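Take a look at the structure below.
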Amino acid sequence: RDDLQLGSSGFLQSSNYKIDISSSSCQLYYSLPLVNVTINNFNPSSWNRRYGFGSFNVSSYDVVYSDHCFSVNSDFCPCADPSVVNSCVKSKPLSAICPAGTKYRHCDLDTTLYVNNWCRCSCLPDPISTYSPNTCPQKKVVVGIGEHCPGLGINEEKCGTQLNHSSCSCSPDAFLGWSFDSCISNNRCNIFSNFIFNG
Amino acid sequence: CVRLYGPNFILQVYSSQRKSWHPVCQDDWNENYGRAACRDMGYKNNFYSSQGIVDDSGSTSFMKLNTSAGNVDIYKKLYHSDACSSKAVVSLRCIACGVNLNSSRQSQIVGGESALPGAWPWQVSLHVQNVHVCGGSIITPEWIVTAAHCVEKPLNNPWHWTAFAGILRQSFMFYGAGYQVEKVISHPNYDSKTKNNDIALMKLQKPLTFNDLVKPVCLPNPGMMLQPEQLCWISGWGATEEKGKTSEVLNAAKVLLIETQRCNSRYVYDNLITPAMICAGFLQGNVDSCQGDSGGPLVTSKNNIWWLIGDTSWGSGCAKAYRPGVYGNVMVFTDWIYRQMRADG
Ligand SMILES: *[C@@H]1O[C@H](CO)[C@@H](O)[C@H](O)[C@H]1NC(C)=O
Ligand SMILES: *[C@@H]1O[C@H](CO)[C@@H](O)[C@H](O)[C@H]1NC(C)=O
């Protein structure tokens, strides 16, 4: 709750909703009786519901906020290349076939001291803490004034299978970068609400 | 059993009862003990200096002199004492290693300005049949270090190992313009699978000069306490991009130290890096500096003085994602060389 001080750092003002500190806004903090309150918890990004984001499992009254908000391009595809990956032996990842136009993930079979076809792709281990930040397509961006969080981060190594390389989907454990808590305090689900008095 | 140590060069002394290295207090030491002490660790006809310094090393069992007895050796006259009688201990310099002309903008690994001459005064170049192949770094006028996998089979005899120093460019090292061969020691445990011990000393017959372009680099001391993300300065004429030949001029920009647990983890190098292998570079994308020389050294600058820490070794694809360079670990065996430099004379 203390993220919301007017002009601050933190999680909510940086990767959920950036409270603009220039206009003639006026902030309201109110309450609501929890007889009939159904928190909608929907994901706002296109390219996570395109790769099989169904929902969160939280409780009846838990609100899913965000930690980091990574942005990808339009041709993104978080599965490896299956027509390359078969000759890999070491560190061989899962893969599938991308949808049309979505360029593949860059995976190498480069050479060890003795082993010749050992797999090494990008985005390791997870894009939260990648070792080479200048090469994973999921670029970490800070959210702006009046924008949504453009997508949860995908761990690039739980997106795929081995036998049936279908259209490239992912798996529910692989979306990372969100947590929650319960809104209910004093038997009343608290709520923030902004106002903007323009013109 | 005697060795240098740390930044201020204290002689440690091993005793069989105490099982431990111990310092010597400066109670009536002499150059007739001191200038005759550099041949103990492989320095015959050289010496620089000796002074008294304050004790901070960390032993509580000192070494004293048996001057009350008559004419015996140094190595007999050393008993223990709890206090230094003048509170000055061994300070030493076995050779004029160290300084260069502190210049500014030598950065010619890719995207920079050339290595200024005399500011890297240990950089050599080694040749067979007058092609530039491997590098190294000088510690005596008669000894020279390099990576062992240059001197591997079937080129393991000394008479085809022509050193050529001095000139930044690929041309001006001519026949006679550079002293030449002698003994090729090796750490005799190089392998094909590990490249553990990829460091081989070399020797020359004709002592060169400390004039301008040539000066011996400082070999490190036993237990000199690096920093886990220290800056490191490499040098060499190596090809800045792979499937090249050689860069024309001397290139001497900077790199960093990666630790073990990043390199030796699962994604960089899956548990390969031995204790006698040090990682270096930056674990990043295409920001690394390749300049492949296989011996073109790793020189750091602790105690405001240049010291040698790593000589180069193998790697992966030239300066790209996830793949740093892995360096030979030349503080591990700085005494093996000192028992392979003792008995050349
Ligand atoms: C909750 O819902 C019921 C029926 O949907 C409604 O009759 C009731 O008035 C609601 N609660 C409040 C406090 O209005
Ligand atoms: C959340 O939902 C999934 C599927 O309904 C279930 O496997 C998981 O156990 C649930 N979480 C908890 C804490 O029970």
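We number chain B the way Swiss-Prot does; in order, the residues shown are 148-492.
Note: Cβ is positioned from N, Cα and C throughout, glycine not excepted.
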Original post:
Can you tell which of B:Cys379, B:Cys410, B:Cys465 is bonded to B:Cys437 by a disulfide, based on Swiss-Prot?
Top reply: B:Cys465
Original post:
Considering the candidates B:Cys185, B:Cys231, B:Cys244, B:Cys281, which is the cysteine that Swiss-Prot reports in a disulfide bond with B:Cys241?
Top reply: B:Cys185
Subject >> Nearest of the active-site residues (B:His296, B:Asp345, B:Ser441) to B:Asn249 (N-linked glycosylation site) - Cα to Cα >> reply: B:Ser441
Original post:
Among the active-site residues listed here (B:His296, B:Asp345, B:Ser441), which has the Cα closest to the Cα of B:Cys231 (disulfide bond)?
Top reply: B:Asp345
Subject >> Local Cβ density at B:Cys410 (disulfide bond) - other Cβ atoms counted within 10 Å >> reply: 24
Original post:
Where does B:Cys281 (disulfide bond) sit in the DSSP three-state scheme?
Top reply: strand
**OP:** Report, in whole Å, the straight Cα-to-Cα distance of B:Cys172 (disulfide bond) from B:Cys185 (disulfide bond).
**Re:** 18
Original post:
What is the nearest of the active-site residues B:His296, B:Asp345, B:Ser441 to B:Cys172 (disulfide bond), using the Cα of each?
Top reply: B:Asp345
